[PDB]
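# Summary of structural features
Below, each chain spelled out in residue letters.
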Amino acid sequence: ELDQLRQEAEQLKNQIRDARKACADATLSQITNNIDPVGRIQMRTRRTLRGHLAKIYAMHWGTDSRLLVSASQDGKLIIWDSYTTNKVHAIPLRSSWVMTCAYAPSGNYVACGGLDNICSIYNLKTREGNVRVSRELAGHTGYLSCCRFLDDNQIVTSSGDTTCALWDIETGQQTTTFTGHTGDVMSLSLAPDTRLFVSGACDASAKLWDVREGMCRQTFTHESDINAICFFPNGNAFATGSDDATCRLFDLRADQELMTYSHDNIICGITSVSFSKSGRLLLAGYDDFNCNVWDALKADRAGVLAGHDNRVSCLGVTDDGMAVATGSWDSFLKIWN
Amino acid sequence: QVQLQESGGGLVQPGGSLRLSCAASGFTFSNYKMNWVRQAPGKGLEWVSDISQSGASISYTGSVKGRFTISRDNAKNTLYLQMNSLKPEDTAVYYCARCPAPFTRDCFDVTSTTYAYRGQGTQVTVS
Amino acid sequence: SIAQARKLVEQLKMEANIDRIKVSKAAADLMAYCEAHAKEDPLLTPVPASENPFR
Amino acid sequence: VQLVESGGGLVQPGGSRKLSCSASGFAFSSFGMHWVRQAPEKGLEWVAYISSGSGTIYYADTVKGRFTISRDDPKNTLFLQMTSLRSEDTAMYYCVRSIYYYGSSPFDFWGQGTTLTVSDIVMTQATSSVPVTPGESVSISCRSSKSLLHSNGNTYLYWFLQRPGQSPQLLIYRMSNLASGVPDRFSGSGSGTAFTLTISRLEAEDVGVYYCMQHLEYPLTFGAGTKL
Amino acid sequence: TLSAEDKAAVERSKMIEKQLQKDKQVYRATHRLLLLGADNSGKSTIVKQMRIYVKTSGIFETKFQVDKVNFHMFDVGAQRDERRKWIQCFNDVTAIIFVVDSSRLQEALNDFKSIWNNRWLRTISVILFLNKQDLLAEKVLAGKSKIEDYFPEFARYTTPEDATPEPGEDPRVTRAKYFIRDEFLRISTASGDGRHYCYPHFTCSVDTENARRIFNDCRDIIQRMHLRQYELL
Amino acid sequence: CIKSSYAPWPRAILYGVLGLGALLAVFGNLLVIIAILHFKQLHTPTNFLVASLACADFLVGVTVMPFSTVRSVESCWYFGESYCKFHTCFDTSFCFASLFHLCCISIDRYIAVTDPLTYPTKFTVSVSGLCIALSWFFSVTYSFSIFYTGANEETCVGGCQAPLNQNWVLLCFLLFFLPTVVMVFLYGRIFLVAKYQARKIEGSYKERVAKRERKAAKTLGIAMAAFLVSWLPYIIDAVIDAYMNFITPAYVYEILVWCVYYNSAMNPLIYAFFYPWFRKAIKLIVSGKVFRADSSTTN
Ligand SMILES: CN(C)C1CCCCC1
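Residues numbered from 1 in each chain as written, not as in the entry; some residues may be left out. Chains lettered and ligands numbered in written order. Heavy atoms only, no water. Residues with missing side-chain atoms left out of burial classes, pairs and counts.

The PDB entry lists chain C under the name Guanine nucleotide-binding protein G(I)/G(S)/G(O) subunit gamma-2, with Homo sapiens as the source organism. For this structure, the PDB entry title reads "Cryo-EM structure of the DMCHA-bound mTAAR9-Gs complex". Quoted verbatim from the Sequence similarities field of UniProt, the annotation for chain C is "Belongs to the G protein gamma family." (UniProt positions renumbered as here; feature names shortened; annotations may be inferred.)

In the nomenclature of the PDB entry, chain A is known as Guanine nucleotide-binding protein G(I)/G(S)/G(T) subunit beta-1 of Homo sapiens. As stated in UniProt under Function (literature references left out), the record for chain A gives "Guanine nucleotide-binding proteins (G proteins) are involved as a modulator or transducer in various transmembrane signaling systems. The beta and gamma chains are required for the GTPase activity, for replacement of GDP by GTP, and for G protein-effector interaction." What the UniProt record of chain A gives under Sequence similarities is the line "Belongs to the WD repeat G protein beta family."

So this is what it looks like as structure tokens:
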């Protein structure tokens, strides 16, 4: 019956755990006992981007590290100019319950989505002087949580249903569908190699997928739901944040946890996680109106980016690595340097 | 990997007594609120009782009030349930569940076979 | 419900025999990569005020 | 997109005339508009400019107090009133559109134009005519009175080509970027005072006149031009 | 100290700012409401009777204007049972219209307790509707099903003096109604700071006075907020 | 004329009691305008009205308040005869400019409570423009038509205290009577609404209802008493002196007259400093911190 299947699954899990323990021979904390400390790092606000009405939920930097896009619950996507604090585009949306946005790697398209279970693709450079809807992807049954671009004709989506999807813009169908989760998948990050990508769901489990194969390859298992995930700049490790006030750093080749970032004075959860250009600083936003910077080699706090009023929702770092963009539920955007 | 193992199931005569034990691992047992859930045949899941972090606050379903008792052991990381004077309608599958977010006062744990932080379940029958 | 159990067993079997390296070998490579780009990180070492777009 | 001009004709000196450019196929409310006049055989000139929202006005020095410009957004029309017409206003007029933001391409479309008959920074590109056979590369040089580079990093140099028989079109803007419908065969370069435009492979439809433009200052000067 | 195009870009940015400012008066003059409920409750009946004035969409929107003020009503119809992550979007909603079917009650009590004690859902008021009051009278009159079987504390209850029934039908129906009403208000009572209150009502799926019932509650909420702001309460 | 001399003796401790009010009326009122103008929040029309009132109050704290101090103690007016034609015009204008403002603040607070749903649309920014400009206009026309033109006339070179005449003493009475009764009626209705909303919550036990009533009374009656006790004696003396002899001595004209001025000191301490958000925004100014960046008052 099902009893033999359960016994076989338990035996397989025990064997995998034993093998993973056998492959562990040292702790990175012991090794990292000679590197000089990063030292106290001070950061100051440079610009303040005002103009939104309701709370801001997501943002994404551009490829040229000059333009950025922001999404609000008032039903607005605003494209800013970081250097001079201007306003280029003020796209109004149909449904005012958006939860994600994405900026194309070439600068020609923008994407949005939310509770409507529809991904909208907007075109920026057109013959006329207005932005119009180009495609309305609709094949999901839950709520969109994150969207990312691979090329100008490929997009990857994550939904409230325990599925992920790869789409084709020209046709409007689903080329590949990934399944295997149990809870809601809420974050999605892409590797620089463009071949692999990670996913994090509300089951205390992180997964790695293959775009061409369409099948899972790894599974990493945290105590509560996972809110954010991000790749290491090398491409062989990643970081995850949860609601238990901890941050974890996993390595793909070793397939085992490496470090834990937590402190006894931290009770609220983590919402956004990002790295730096050199992969030395880990910036994480928390629910207690503050944001912390960790040295991802010794698990020691260094500097706080205080200055917001309500919860911090979004956080990003430019490709050129010259600024950090932070948003919150106070309808404000801050640029730190 | 978090897991919840139940025990204490079986068959009993009407009017008897019974014990149920729930064991947990992989998380700090002293910072979460625990609940008990049962599933009758042909009916959806229902809430029975819950116990707070320190056991100061305790609540029961009206239909089972006065006969069931709930307790926890933080040192041993264990949850207990004591049942007395069973009735023929009190045969079902039992689960011990945990609130999703620590340091909170509310939970959404009665879900149609979708909740992840739930045990396998034990069948208890009386006749 | 047997189909779900069979799928889970097959998924666990597929991800059961894979190549794995020691933790120390991956940690050393991570440290080596991290120490090779220390001079190209403006956040680590602040850029002079002249070469700063946000002044 | 369509931009059609109404007006023109022959007028005695000292009269008054109305010229109207009407647009169709694009959002007129978000585009600034200029006016460019061309003498029968003498270069190009800038005479008037209106911005978006009707918040800013500019005129030329020779028409500072005789011409007036206005637009009607709901009717999607623009028009200018010309008074005290001398013998210098016998020319062909074009209504051109431009939009200004980061990454935009101003002067992206020109109209057919209408003819009318009556009964600062200086550029020298006096290379006259350089005839050439089809198949080989060419090069056109240009010099500016003052350096056009600014502290923002840009250069503000524009190139234009007019085929014989129709309106001009845009080729290169800001001295480095390439237009949309133009091929990759054209290329451009410069250093601040000396600039050049190069065609590596020439085709039989490349005959025409080549002009230039600066946009560092509101007084706008085109140049003499060059013929191939 | 700017070029020719920088000034035009600044002018365009100021025009966008003017448009945004003109797009603000329409936002604060409109009130939004979140309408929850179970499956057996008369949710669809209320939505259909509010109309007096696309196959997988996850949200539905309703517009209605009373007393020269217009409201926005939202209802979810395509999500999954788990709802602990998309409920955080509604933190700037004027009120939550809960609907309970009196004829399964303990599940509604648990849902109300969970919503009332949420961290991000504070400062949000709840308008409670106890629908299907016609069938309750018939059920209690029939007598085949006793309420004391599911609730033991029903015996030690008395009709309160402040209770005033409009029709002269029966006292037992009033006792049964006010038992449930007090059971619901007991959860709301155990709170502090007076940030959010409860507004129970006795309504049916066919009643035509629901629009004014919401209007009065919204007016009371706004008035209490304004009074508390100016140190008058 | 020089010979006239004040009876006070070298116990001149009064110089500060009336001087502290003068210092507070100028130093304590510029802070309000700075806080209102700097912070991006608190830009609502209700705060525009308070900012005007602060503007009207500031001009009397440095023009009339310190110059009239000498005249109210020594009674010599050594400053100049030419200023007399301007000082008098700057006293009847600037005060009456702080009286109609209270009537606008009241009506705004009333419309904010008795009709909550349609408040943002009715009380727009342009309405406060009429509210701000009308009081100044009426005060200006009344100031120079009666006093500057010298049409109210009916001694030696000293401190002129030109009183009103028979035909222009009621016009100084109706303009005080109408706004006072309007404000009293509006705040009475506000108190009735507050009393009504206090009993519905307590559902009534007469243990907390009295507490809510006491809080409402303490909030409203303080402002009513502050207004109505610093203005009534002067109007009473003006109506008594008119249609009668000048039995009133000079011993008290200065007391009264001085008394009235004081209220331009209590205005920023009653309509600005009593709410927490203004206090927080004002405290941030003293710390320095303003220089670093802006902030968000708790509101
Ligand atoms: C005497 N000063 C205080 C004022 C009093 C009110 C009328 C105008 C003059």
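This part covers the sheet that holds strand β15 (residues 169-173) of chain D. All names here are of chain D. Ordered in space as β16-β15-β14-β19-β20, the five strands form an open sheet in which the pairing is antiparallel. On the outer flanks of this sheet lie β16 (177-178) and β20 (226-227), each paired with one strand and no other. Here strand β14 (residues 157-162) runs beside strand β19 (residues 209-214); their pairing, made up of six bridges, is antiparallel. Looking at the pairing, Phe160 lines up with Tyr211 of β19. (Pairing = 2+ DSSP bridges. Helix = DSSP H or I, 4+ residues; strand = E, 2+ residues; numbered from the N terminus.)

Before going further, it helps to examine the interface of chain A and chain C. Frequently, the measure chosen for interface size is the accessible area that the parts lose on association. On the chain C side, the residues contacting the 41 residues of chain A number 27 residues. Looking at the side of chain A that touches chain C, the elements with two or more residues in it are α1 (2-22), α2 (28-31), β1 (45-49), β17 (216-220) and β21 (256-261) of chain A. The element best represented in the side of chain A that touches chain C is α1 of chain A, accounting for five residues. Grouping the amino acids of the side of chain A that touches chain C by side-chain chemistry returns 23 nonpolar, nine polar and nine charged. (Contact = heavy atoms within 4.5 Å. Nonpolar A, V, L, I, M, F, W, Y, C, P; charged D, E, K, R; others polar.)

Now for the pattern of salt bridges. In this structure, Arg66 of chain A engages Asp81 of chain A in a salt bridge whose closest nitrogen and oxygen atoms are separated by 3.4 Å. Note that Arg66 of chain A is positioned in the loop between β2 (56-61) and β3 (67-72) and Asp81 of chain A in strand β4 (residues 76-81), a separation of 15 residues in sequence. Note that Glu136 of chain A and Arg94 of chain A form a salt bridge whose closest N and O atoms lie 2.4 Å from each other. Here the residue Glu136 of chain A occupies a position in strand β9 (residues 132-137), and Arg94 of chain A occupies one in the loop between β5 (86-92) and β6 (98-103), the gap between them amounting to 42 residues. Each of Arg37, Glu45, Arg66 and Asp89 of chain D takes part in one network of salt bridges that share partners. (Salt bridge = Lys/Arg side-chain N within 4 Å of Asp/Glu carboxyl O.)

This part covers the interface of chain E and chain D. With 10 residues of chain E in contact, the opposing surface of chain D contributes 16 residues. Here the residues of the side of chain E that touches chain D are counted per class, giving five nonpolar, two polar and three charged.

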